[PDB]
Structures are given as C-alpha cells and as structure tokens.
Enquirer: 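Below are the structure tokens for one structure; questions will follow.
Residue numbering restarts at 1 for every chain, and letters A, B, ... go by the order of the sequence lines.
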Amino acid sequence: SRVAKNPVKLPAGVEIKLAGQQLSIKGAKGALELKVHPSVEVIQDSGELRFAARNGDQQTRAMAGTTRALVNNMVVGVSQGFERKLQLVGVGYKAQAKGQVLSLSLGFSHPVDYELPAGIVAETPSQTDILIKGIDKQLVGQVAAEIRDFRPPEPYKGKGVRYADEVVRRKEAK
Amino acid sequence: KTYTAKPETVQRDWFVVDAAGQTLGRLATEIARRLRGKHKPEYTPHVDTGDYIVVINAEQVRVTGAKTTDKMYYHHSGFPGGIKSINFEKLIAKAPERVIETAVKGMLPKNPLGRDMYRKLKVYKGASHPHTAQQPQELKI
Amino acid sequence: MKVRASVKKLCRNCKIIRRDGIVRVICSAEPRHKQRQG
Amino acid sequence: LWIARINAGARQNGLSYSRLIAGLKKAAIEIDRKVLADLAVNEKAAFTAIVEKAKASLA
Amino acid sequence: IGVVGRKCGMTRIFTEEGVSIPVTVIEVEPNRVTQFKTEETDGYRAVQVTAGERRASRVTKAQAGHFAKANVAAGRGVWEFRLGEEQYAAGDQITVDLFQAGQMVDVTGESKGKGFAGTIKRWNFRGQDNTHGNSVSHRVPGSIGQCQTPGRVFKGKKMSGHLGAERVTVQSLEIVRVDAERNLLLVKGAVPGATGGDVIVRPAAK
RNA sequence: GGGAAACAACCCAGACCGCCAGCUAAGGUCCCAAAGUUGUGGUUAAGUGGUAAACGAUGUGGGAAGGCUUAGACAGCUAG
RNA sequence: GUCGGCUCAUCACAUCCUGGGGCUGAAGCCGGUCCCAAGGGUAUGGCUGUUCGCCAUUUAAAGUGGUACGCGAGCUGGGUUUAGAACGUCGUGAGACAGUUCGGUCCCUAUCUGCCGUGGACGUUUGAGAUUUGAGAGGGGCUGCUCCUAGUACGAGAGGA
RNA sequence: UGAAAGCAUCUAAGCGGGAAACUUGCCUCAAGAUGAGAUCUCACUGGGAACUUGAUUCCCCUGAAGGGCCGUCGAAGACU
Ligand SMILES: [Mg+2]
Ligand SMILES: [Mg+2]
Ligand SMILES: [Mg+2]
Ligand SMILES: [Mg+2]
Ligand SMILES: [Mg+2]
Ligand SMILES: [Mg+2]
Ligand SMILES: [Mg+2]
Ligand SMILES: [Mg+2]
Ligand SMILES: [Mg+2]
Ligand SMILES: [Mg+2]
Ligand SMILES: [Mg+2]
Ligand SMILES: [Mg+2]
Ligand SMILES: [Mg+2]
Ligand SMILES: [Mg+2]
Ligand SMILES: [Mg+2]
Ligand SMILES: [Mg+2]
Ligand SMILES: [Mg+2]
Ligand SMILES: [Mg+2]
Ligand SMILES: [Mg+2]
Ligand SMILES: [Mg+2]
Ligand SMILES: [Mg+2]
Ligand SMILES: [Mg+2]
Ligand SMILES: [Zn+2]
C-alpha cells in the first residue's frame with residue numbers, strides 16, 4: 001500500500017485530540033472527527049501522521065490506505081477548504097444564492113430552491129457559475145452532486161449543470 | 001423399574017440469559033435444551049422437567065454472515081397469494097422478541113409437551129424483566 | 001447498458017469492475033460500452 | 001433414555017457421555033447403562049464416584 | 001375528536017345560484033364527556049362521551065356508577081374518540097361547534113341491513129342466461145373453484161351471505177351548514193344507515 | 001430390521017421366542033432426535049454447502065517459471 | 001364426461017398499459033432495444049360451433065402462460081361418437097368415409113374436507129354492566145382528455161416538450 | 001468520499017438519491033392474540049357437621065350485581 005506508507009504532512013495550525021480510535025483534527029476553518037477503523041495503526045509522533053496495519057489480512061491493508069486518504073482530506077479540509085465549481089449552460093439558466101438557499105432556474109415550471117446543509121456555503125459570482133465551499137470533501141462532493149442532479153448535461157447542446165472540469169460528451173442528430 | 005419424573009414433583013429453576021452479542025442459533029440451542037430438561041438426570045421424554053428461561057436484550061442478538069438482511073421469515077395467512085416475508089433486520093426492529101422465539105420454537109418438539117416447554121420461555125426487549133420475584137439466576141452460556 | 005452473459009473490454013477505455021458481486025464493464029469514452037453480469 | 005440421563009448426570013460432573021463411556025472401559029467398569037442411569041438420578045454420590053473413576057482413567 | 005349524532009333524514013339546500021345540494025341532516029345533541037383516557041393510565045389517549053338519554057330502569061348499577069363518577073346523565077350509548085394533545089374533563093359538552101361550515105368530515109354509521117344477499121346483489125356477479133336453455137341456474141354463482149388442483153375453495157371466495165348492517169365510513173363530506181341553536185349538522189351527500197341511526201362525525205382523515 | 005426426510009428393486013443386514021444386558025454395520029453425534037458445540041492443520045464468504053452448460057470475470061489459496069527493474073521497473077504528473 | 005361458450009376464478013412473469021431507469025443510427029414529438037417492476041388495469045361487434053383468424057370500430061392497453069388444454073354432483077349443448085334420412089365416393093353386397101348434410105333424453109335432496117354467512121358451549125381463575133389497545137388479517141391501489149406552464153425548451157421548417 | 005491497485009473505481013470501511021412492487025398511511029374485522037390483554041364502575045362481609053383434613057364434601061339460611069325466559073316490537077333478521 002503506497003498510500004498508507006505515505007505519511008500525511010501536518011501543516012502549521014492543526015491540532016489533534018487523538019483518543020483511542022476517535023481521531024479529531026481542527027484548523028482555521030473548522031473541526032472534524034474521524035472514528036478510525038479498529039484495525040488501523042494511527043499514532044502521532046510529531047507534526048506529522050503515519051498509518052500502518054495491525055494485521056496484514058487484506059481488508060486491513062485497504063483500510064489503512066483509505067484511512068490515510070480520509071485523514072489527509074481532513075487535514076487539507078480544516079486548513080484550506082474544499083471547493084467544487086459548477087457551470088450552467090443553456091439560455092435562461094440562472095443560479096442565485098441567498099444565504100443557505102440556492103435558487104436555480106433550469107427551464108422548469110417550478111422554482112428550484114436547494115437548501116444547503118450546515119458547513120456548506122454557495123456563491124454565484126456569475127448567474128451561470130456556482131461555487132460550493134466547505135471543509136468536508138465528502139459533503140462538498142455530495143452537495144455538488146445533488147445540484148448537478150437537477151439537470152445533468154445533455155449531449156446535444158451541453159445544457160445543464162456540469163462540473164468545471166467535467167468532459168461533457170457531445171453528439172448531434174444524424 | 002426405571003425412574004420416571006412425576007409432573008407433580010418436578011423442581012424447576014428460573015434462569016436469565018442475556019442475548020446481547022449472542023449468535024441466535026447457538027443461544028437458541030442452549031435455551032431449547034434447558035427448556036426440555038435435557039440437562040437434568042431426571043429427564044423424561046413425556047414430562048416437562050425443564051427450567052424457566054428469561055431472555056433479556058433480545059434485539060441485541062446477532063447473526064453471522066449476511067443473514068441480517070438475507071434471513072427471511074415467511075408466513076401464510078390462508079388467503080390466496082397470502083405469502084408474507086420479513087427480514088431478520090426488519091423483524092428485529094419491529095418484534096425483536098419474535099426472532100429468538102422463532103428460533104427456539106423450531107427447536108422444540110411440535111406437540112402439546114413442546115408447546116408446554118415453550119410457555120416457560122420469556123423473551124424481553126429491554127435489559128429488565130418483570131419476573132424479579134422469581135429471582136432468576138444469571139445463566140451465561 | 002448491455003446485459004449479457006459474456007462481458008469484456010470492447011476498447012482500451014473499458015474497465016472491468018466488480019460491484020456487489022456483479023462483473024461490470026464501464027467505459028469513460030463510450031457509454032455504449034457499459035456492460036453488466038459477466 | 002438411560003444414555004440421555006447418563007449424559008445429563010455426567011455433564012453435571014464435567015464429562016460428556018462419550019468420554020465417560022470411554023473412561024469406564026479404560027478402567028474396567030462393567031456397570032451397564034440401566035444401573036448407571038438409576039445411580040445418576042437416585043444415588044448421585046455413587047454416580048459422582050464412578051465419574052471420577054472414569055476421569056482418572058482417561059488421564 | 002368527533003361527535004355522536006343521529007341521522008335525521010335527507011333534504012336539499014338551494015343556493016342563490018339555484019344549485020340544489022343534497023344534504024343529510026344529523027342532529028348532534030350535546031355530547032357529555034364521561035371519562036378522559038390518558039397514556040399514564042390506559043396506554044393511550046382517548047375521550048369517552050355519551051349522548052342522549054336512558055331511563056333509569058334500563059341503566060345497570062355499574063353503568064350508573066360510571067356515569068355518576070363523571071357527574072353526567074346516562075345516555076343511550078357510550079363512545080370513544082382517539083385523541084392527540086387534547087385535554088378534556090369529565091362533564092364537558094362537546095357540541096356541534098367543533099365543526100365549521102365548509103370543512104371536510106368523515107361520517108361513520110351502521111349501513112342498512114339487507115339480510116342474506118345473493119351474489120348478484122352482494123358482489124355484483126353477472127346473471128347467467130335467462131333463456132337459451134339455462135335450466136334452474138339463472139342467478140346462481142356458477143363455478144366456485146377449479147379442480148383437483150387445488151381441490152378446494154380459496155379463503156375469501158365471494159359467496160352469498162349477509163349484506164349490510166356493518167360499520168361503514170363515508171369520507172370527505174362537506175359541511176354545508178352548522179346550526180348550533182338547533183344542534184344540527186348538514187353534510188352534503190349521503191351517510192350510512194337509516195333515519196334514527198347513530199352516526200359519528202369526525203374531521204376527515206384525508 | 002437399521003440408513004437414505006418420506007421412498008418394493010439403493011446401502012447395511014437376512015427376524016425361532018423372551019430380556020428395562022453388552023458390542024458393532026451402513027449411517028451418524030448443535031436442537032427437533034441417541035451419540036464430539038471433540039482435537040490438530042488448512043480452504044470458503046458464496047448460506048457456496050443446500051440443483052445445471054458453453055462461455056465471462058483484477059474473488060481468493062497454493063506451486064513452478066519468465067520479462068523489466070536503485071545503469072531508476074509499473075502507474076501517476078509535466079513537456080516535446 | 002369431450003371441444004367451444006356462459007358464470008366464477010386463482011397463480012406465474014418470459015410485462016400489453018400505467019411506474020422507475022441504461023444505451024440509441026435518442027434534436028423535439030414519436031420510437032427501437034435492454035434492465036427493474038406483477039399494485040391495479042387490460043374491448044364491443046360482423047362471419048364462423050369454433051379456440052383461432054380476418055374484418056369494422058374503439059382503447060392507456062386490448063399481455064403470454066399454468067390451474068384435469070381451471071370450472072357440466074355450476075349452466076349450455078352449437079361442435080364432437082349412438083340409433084333416422086340424404087349427397088359425393090368406395091364396395092357385387094351387407095355396409096363404409098378420420099367427406100358432407102338435415103334431426104336427435106345432459107340425473108343426483110351435500111355426509112366429510114373446503115368456502116360464504118350465522119349461532120350454541122366452554123374457557124380467559126369471584127362474578128358482572130360498559131368502553132377499549134391492537135398481535136394479526138382482509139379490502140382498496142386503474143386511467144384518459146383539456147387547459148396553464150408555453151407555442152417556451154428543441155427544431156431549417158414542419159412540428160413540438 | 002475512498003483505498004486494495006501512488007492512477008482509476010458507487011464498495012471493500014463509511015455517507016446518499018431512487019418505482020404503481022414491499023412496510024405503513026386510508027377502510028373494515030380483530031384478545032379462542034389459550035400469549036385468552038387494558039380501563040371505568042357495580043355486587044356479594046352466614047352458621048353447623050363429617051370424612052378418605054383444605055382449591056374437600058354435605059345440611060340449613062341466603063339468591064346480590066346481573067343475565068335469561070316471557071311479552072310489545074324493529075329501517076335487525078332464514079332460525080338465531
Ligand atoms: Mg418427530
Ligand atoms: Mg445497490
Ligand atoms: Mg334489514
Ligand atoms: Mg351477460
Ligand atoms: Mg332440453
Ligand atoms: Mg331438465
Ligand atoms: Mg328456468
Ligand atoms: Mg391438499
Ligand atoms: Mg429399509
Ligand atoms: Mg424411517
Ligand atoms: Mg442429543
Ligand atoms: Mg469445535
Ligand atoms: Mg444452494
Ligand atoms: Mg513512467
Ligand atoms: Mg421481469
Ligand atoms: Mg396481471
Ligand atoms: Mg403499496
Ligand atoms: Mg369477434
Ligand atoms: Mg345480424
Ligand atoms: Mg379444461
Ligand atoms: Mg366438476
Ligand atoms: Mg345438471
Ligand atoms: Zn470502451
């Protein structure tokens with residue numbers, strides 16, 4: 001496991017309250033808790049964390065890599081924040097955010113009002129550009145997925161909510 | 001010549017078993033064998049010489065493998081197409097005592113004596129039971 | 001999705017994946033290459 | 001019926017039926033199961049002495 | 001929470017537009033709370049009411065003591081209503097004012113009893129040929145099963161038997177008029193039972 | 001007779017009678033239901049066990065080889 | 001006790017409609033194919049004994065099967081196998097045809113199981129008059145068209161969400 | 001989200017969305033649910049003897065709450 005053998009470098013300003021398996025990490029943006037799997041060696045020696053497997057079965061070998069990946073996502077989270085860019089394509093497709101409610105205009109006969117959960121903030125620098133911000137990578141990806149779920153991109157004009165780096169497959173009528 | 005247990009002079013004890021963390025079938029065999037009196041030298045096949053078993057923490061019984069979602073309890077209502085099925089997991093959430101009760105009932109004889117032995121099994125959902133006046137002795141298998 | 005007894009990679013971008021005990025082929029290039037249950 | 005009662009009586013003494021019968025052959029005890037089942041119910045001290053004699057013979 | 005009334009018959013209401021509303025008139029004499037059932041005592045929340053009158057000779061001593069505990073007069077019957085977070089004390093008068101005109105109600109009653117009914121009337125079975133050679137089997141059920149497989153009649157088979165005289169609930173009836181001065185409730189349409197039959201009016205489930 | 005749930009023709013075994021004696025056969029020994037919740041070392045995760053083929057698949061265990069490789073192997077990233 | 005019809009069904013899913021989806025040689029409208037799904041629903045006539053089929057006109061659809069090719073101690077008796085008669089054909093003939101045709105007796109008061117209703121007895125641990133919880137069970141669950149959204153999205157237009 | 005497999009991956013750990021199918025929600029039946037449940041209220045507060053001494057039997061006094069019979073009936077009903 002090249003991932004579990006790669007230690008996660010703790011930056012400046014991250015505290016830990018490692019108690020048994022309930023790891024916790026704080027930062028300038030928030031605090032997150034992780035219940036580490038009871039088969040993964042997690043310990044702290046310096047401003048750095050490394051992960052090992054208590055028993056080399058196979059599930060624990062994968063568990064160590066996934067725990068290392070999760071903790072790194074935690075460390076990057078509380079220190080920098082995670083973001084997902086969403087673009088809106090199509091005439092009359094507008095998105096506007098008012099606090100904890102995102103209002104989408106996606107060619108429907110009703111108003112699309114999405115309630116962002118706690119810890120997630122959405123900004124719309126343009127009427128056709130969404131910006132989900134948060135400290136938990138899973139929640140940021142989850143929220144961005146449901147917003148794109150309202151109108152996924154179509155292959156004939158690209159219209160619909162899409163990720164900024166998403167390669168929207170395109171085609172045309174023969 | 002061979003001894004037989006008279007129903008009038010059967011000594012019956014009360015035991016409480018904690019089902020928390022126990023495998024359903026392996027706990028049900030001990031319960032079924034102690035409801036039969038097979039642990040007693042006075043065992044008679046036509047006499048209920050067994051003890052009373054109180055089971056607590058019934059929802060905390062466990063099944064190995066993928067049996068939590070895969071073990072299915074079927075019954076028929078007598079009406080055409082009346083076959084009904086429930087999960088182990090959803091039966092535990094709905095009628096947790098029925099899970100232990102079903103596993104013991106299939107392990108008892110299917111006759112009047114087996115229904116008599118079933119009447120000595122008391123299964124409860126909480127960590128407490130109403131039979132404190134009988135002072136059950138804890139029986140950890 | 002194409003559901004057949006014999007699923008296999010139809011191109012380089014096709015990937016063999018097991019999900020919940022089902023052998024699946026997903027393709028990042030062609031949605032037409034999606035297969036199931038091999 | 002005798003074997004079941006001997007099993008119940010011997011398990012109260014730390015032995016299964018199969019281990020007790022093997023022990024009762026290692027130590028040459030020819031008490032049959034009808035009498036053994038009568039001891040296990042009516043003469044429990046006598047039955048305990050026999051079980052201990054089988055346990056010693058096994059090991 | 002509902003009320004216990006008597007079906008007083010059917011009439012019509014003419015609106016100023018000229019529309020005729022068929023109404024069932026329900027006389028809801030004020031209902032007396034006989035006993036309030038709480039969770040900590042009975043396992044569930046309910047209110048027990050009585051309505052009407054009963055001559056003292058037809059009231060048993062046990063029922064008379066039950067009524068005297070609530071300090072209410074004996075009624076022709078006693079009914080219960082499952083409750084939410086409502087609070088009632090014995091002796092309260094649940095009158096027809098808990099309803100307002102225009103609101104949906106469910107009316108429950110005992111439907112008219114038709115006695116032993118044939119399959120044509122009870123289950124809408126089709127008649128067989130009245131002519132063309134049919135022997136003595138014009139209204140009879142026909143086949144009641146298949147054959148050797150399954151060699152029996154299935155439970156719940158539609159057969160002839162008793163029809164009516166059972167508890168029926170008609171749902172989503174509009175209140176046309178609430179006449180609190182005469183303890184009258186006018187609901188649009190028909191309600192189960194005959195005139196003089198006990199009906200229960202409750203707010204609509206749907 | 002015993003086993004194979006039930007089951008002429010399969011398996012063990014050929015019933016003169018009685019016994020509230022013992023040993024075995026086939027088959028078995030968690031409960032129904034007599035007897036190991038026996039011991040040691042592995043495999044399976046599919047309730048496979050406890051029904052089936054051509055064919056398909058980074059399921060997983062073992063073994064014998066081979067190619068590249070700290071003169072930088074494979075994968076990823078940058079650039080041509 | 002046979003084919004078909006009538007009455008009444010019950011189950012399967014290899015689904016006809018309705019529901020959810022993937023791919024499309026899927027612009028839209030409409031389709032094609034496959035996966036999931038059995039809750040409910042799923043023609044009326046003309047001809048023919050017909051099942052079928054063809055035709056007419058509907059429908060969201062007019063599903064495929066099992067159930068003694070479900071169902072005659074429930075009905076029918078058109079077909080099919082009695083005895084009459086006839087045609088064609090075969091046989092010298094008596095007759096015969098799996099060819100045609102006109103006519104031609106369909107019994108049973110339900111004991112048990114079962115089912116639909118409706119009581120009596122006892123039990124529920126003193127008895128009684130009321131009210132009740134709900135383990136459980138059964139019933140129900142179909143769908144069209146029009147309008148707004150909007151002649152908007154889509155489209156060269158046509159058409160058209 | 002995410003490793004095993006530095007990438008990828010809905011899955012292995014973890015977190016979702018999701019159908020007239022299933023469990024409810026609607027309606028009716030329902031404690032013979034022998035596991036026979038719950039609540040309110042009502043009624044009955046005497047002696048003697050005996051045997052095979054106690055959840056026994058017999059004699060006298062007592063006969064409640066209530067139920068039924070009977071009658072007048074019913075938009076209830078084959079009889080009930
Ligand atoms: Mg048996
Ligand atoms: Mg899934
Ligand atoms: Mg009537
Ligand atoms: Mg007709
Ligand atoms: Mg006739
Ligand atoms: Mg006739
Ligand atoms: Mg007639
Ligand atoms: Mg049968
Ligand atoms: Mg044999
Ligand atoms: Mg046998
Ligand atoms: Mg045994
Ligand atoms: Mg072992
Ligand atoms: Mg199997
Ligand atoms: Mg390289
Ligand atoms: Mg299917
Ligand atoms: Mg159907
Ligand atoms: Mg449903
Ligand atoms: Mg036709
Ligand atoms: Mg005509
Ligand atoms: Mg048939
Ligand atoms: Mg028949
Ligand atoms: Mg007839
Ligand atoms: Zn491909």
Side-chain angles (χ1 to χ4, degrees), chain A residues 1-3 6 37 58-59 61-63 65-66 69-70 73 107 109 137-138 141-142 146 149 156 172-174, chain B residues 1-2 25-26 28-29 32-33 65-67 70 77 79-81 90 106-110, chain C residues 1-3 5-8 15-21 23 31-32 34 36 38, chain D residues 3-4 16-18 32 34, chain E residues 35 37 41-44 46 48 60-66 69 78 80 112-113 115-116 125-126 128-129 132-135 137 140-150 152-162 165-167 169 171 194-197 205-206:
Chain A
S1 183
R2 293 171 179 80
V3 157
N6 177 269
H37 202 245
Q58 177 164 313
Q59 182 51 17
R61 170 184 351 123
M63 267 335 305
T66 206
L70 287 193
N73 271 348
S109 315
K137 190 179 187 189
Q138 200 273 325
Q142 190 53 73
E146 325 173 287
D149 228 352
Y156 294 112
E172 76 293 327
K174 302 216 216 159
Chain B
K1 183 81 155 334
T2 289
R26 317 213 164 221
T29 47
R33 80 177 301 274
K67 264 180 297 196
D70 247 12
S77 59
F79 287 78
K90 306 216 262 291
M107 278 183 224
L108 293 173
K110 282 96 201 141
Chain C
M1 183 100 50
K2 176 87 173 213
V3 188
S6 163
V7 310
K8 48 193 53 213
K15 198 190 162 178
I16 295 276
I17 292 196
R18 309 186 57 246
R19 273 206 206 115
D20 266 43
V23 169
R32 207 188 283 217
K34 258 204 286 158
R36 173 178 114 213
Chain D
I3 286 183
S16 81
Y17 170 89
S18 60
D32 79 4
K34 174 183 59 150
Chain E
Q35 147 167 36
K37 310 206 150 184
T41 71
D42 306 342
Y44 71 110
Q48 201 196 72
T60 61
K61 246 166 244 183
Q63 271 299 87
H66 177 72
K69 209 216 170 166
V78 160
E80 255 195 41
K112 285 168 142 187
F116 201 132
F125 277 14
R126 326 207 227 202
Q128 285 172 60
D129 275 2
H132 286 298
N134 180 298
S135 277
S137 294
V140 308
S143 175
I144 68 179
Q146 294 88 47
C147 218
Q148 183 156 188
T149 309
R152 61 175 174 135
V153 180
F154 288 123
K155 194 95 199 174
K157 170 85 192 80
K158 277 169 199 209
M159 287 214 179
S160 84
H162 184 236
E166 36 210 357
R167 164 189 246 246
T169 303
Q171 280 172 297
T195 308
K206 303 158 155 154

Enquirer: On RNA chain G, does the nearest nucleotide to B/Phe79 precede the nearest nucleotide to A/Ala173 from the 5' side, or the other way round? Give the residue.
Expert: A/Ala173
Enquirer: Out of G/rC8, H/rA3, H/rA13, which nucleotide sits closest to the side chain of A/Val3?
Expert: H/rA3
Enquirer: Tell me whether the side-chain N/O atoms of B/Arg26 come closer than 4.0 Å to OP1 or OP2 in F/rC30.
Expert: no
Enquirer: Taking only N and O in the side chain of E/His162, is any of them less than 4.0 Å away from OP1 or OP2 of G/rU118?
Expert: yes
Enquirer: Measuring to OP1 and OP2 of H/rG25, would you say a side-chain N or O of E/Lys206 lies under 4.0 angstrom away?
Expert: no
Enquirer: Check for me whether F/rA4 and F/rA5 meet both conditions: six-membered ring centres under 5.5 Å apart and planes under 30°.
Expert: no
Enquirer: Could you work out the separation of H/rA64 and H/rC44 based on their P atoms and round it to a whole Å?
Expert: 10 Å
Enquirer: Per the atom types in the model, does the base of H/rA8 pair as donor or acceptor with the side chain of C/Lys15 at under 3.5 Å?
Expert: yes
Enquirer: If we take the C1' atom in both G/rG134 and G/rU10, what is their distance in whole Å?
Expert: 31 Å
Enquirer: Taking the 3.5 Å cut-off for both atom pairs, check whether H/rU57 pairs with H/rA49 as Watson-Crick or wobble.
Expert: yes
Enquirer: Classify the side chain of C/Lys34 versus the base of G/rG22 as yes if they form a donor-acceptor pair under 3.5 Å and no if they do not.
Expert: no
Enquirer: For G/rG53 and G/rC47, do both pairing distances fall under 3.5 Å in a Watson-Crick or G-U wobble arrangement?
Expert: yes
Enquirer: Check every atom of H/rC42, G/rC71, G/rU131 against the side chain of E/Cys147 and return the nucleotide holding the closest atom.
Expert: G/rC71
Enquirer: Could you tell me whether the side chain of B/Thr2 has a donor or acceptor atom within less than 3.5 Å of a complementary atom in the base of F/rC20?
Expert: yes
Enquirer: Tell me which nucleotide among H/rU11, G/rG22, F/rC31 gets nearest to the side chain of C/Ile17.
Expert: H/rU11
Enquirer: Between H/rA38 and G/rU131, is there a Watson-Crick or G-U wobble pair with both distances below 3.5 Å?
Expert: yes
Enquirer: What I want to check is whether G/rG99 forms a Watson-Crick or wobble pair with G/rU105, both distances being under 3.5 Å.
Expert: no
Enquirer: Would you mind telling me which of H/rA12, F/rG36, H/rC27 lies closest to the side-chain atoms of A/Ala62?
Expert: H/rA12
Enquirer: Side-chain donor or acceptor of E/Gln128 under 3.5 Å from a matching atom on the base of G/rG74?
Expert: yes
Enquirer: Are G/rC8 and G/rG70 a pair by Watson-Crick or G-U wobble criteria, both distances short of 3.5 Å?
Expert: yes
Enquirer: Please tell me whether G/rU67 and G/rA9 form a Watson-Crick or G-U wobble pair, using a cut-off of 3.5 Å on both distances.
Expert: yes
Enquirer: Mind checking if E/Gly43 touches a base, just sugar-phosphate, or nothing, with heavy atoms under 4.0 Å?
Expert: nothing
Enquirer: Closer than 4.0 Å, any side-chain N/O of A/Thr66 to the OP1 or OP2 of H/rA13?
Expert: no
Enquirer: Side chain of A/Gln58, base of H/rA4: donor and acceptor closer than 3.5 Å?
Expert: no
Enquirer: Tell me which of E/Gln48 and E/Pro150 sits closer to the 5' end of RNA chain G, going by the nucleotide each one is nearest to.
Expert: E/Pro150
Enquirer: Is there a Watson-Crick or G-U wobble pair formed by H/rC15 and F/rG67, both distances less than 3.5 Å?
Expert: no
Enquirer: So is H/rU28 sitting in a Watson-Crick or G-U wobble pair with G/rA137, both distances under 3.5 Å?
Expert: yes
Enquirer: Can a donor-acceptor pair under 3.5 Å be found between the side-chain atoms of C/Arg32 and the base atoms of G/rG25?
Expert: yes
Enquirer: Which of these nucleotides, H/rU39, H/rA76, G/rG129, is closest to any side-chain atom of E/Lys37?
Expert: H/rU39
Enquirer: In whole angstrom, give me the gap between the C1' atoms of G/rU80 and G/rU100.
Expert: 15 Å
Enquirer: With a 3.5 Å cut-off on both distances, are G/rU44 and G/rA56 a Watson-Crick or G-U wobble pair?
Expert: yes
Enquirer: Measure from the side-chain heavy atoms of E/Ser135 and tell me the nearest of H/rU41, H/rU39, G/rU76.
Expert: G/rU76
Enquirer: Of the nucleotides G/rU7, H/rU9, G/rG25, which one has an atom closest to the side chain of E/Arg126?
Expert: G/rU7
Enquirer: May I ask you to verify whether the side chain of B/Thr29 and the base of F/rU37 hold a donor-acceptor pair under 3.5 Å?
Expert: yes
Enquirer: Heavy atoms only, 4.0 Å cut-off, all strands: where does C/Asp20 land among base, sugar-phosphate and nothing?
Expert: sugar-phosphate
Enquirer: Tell me, please, if G/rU18 and G/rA38 meet the Watson-Crick or G-U wobble pairing rule with both distances under 3.5 Å?
Expert: no
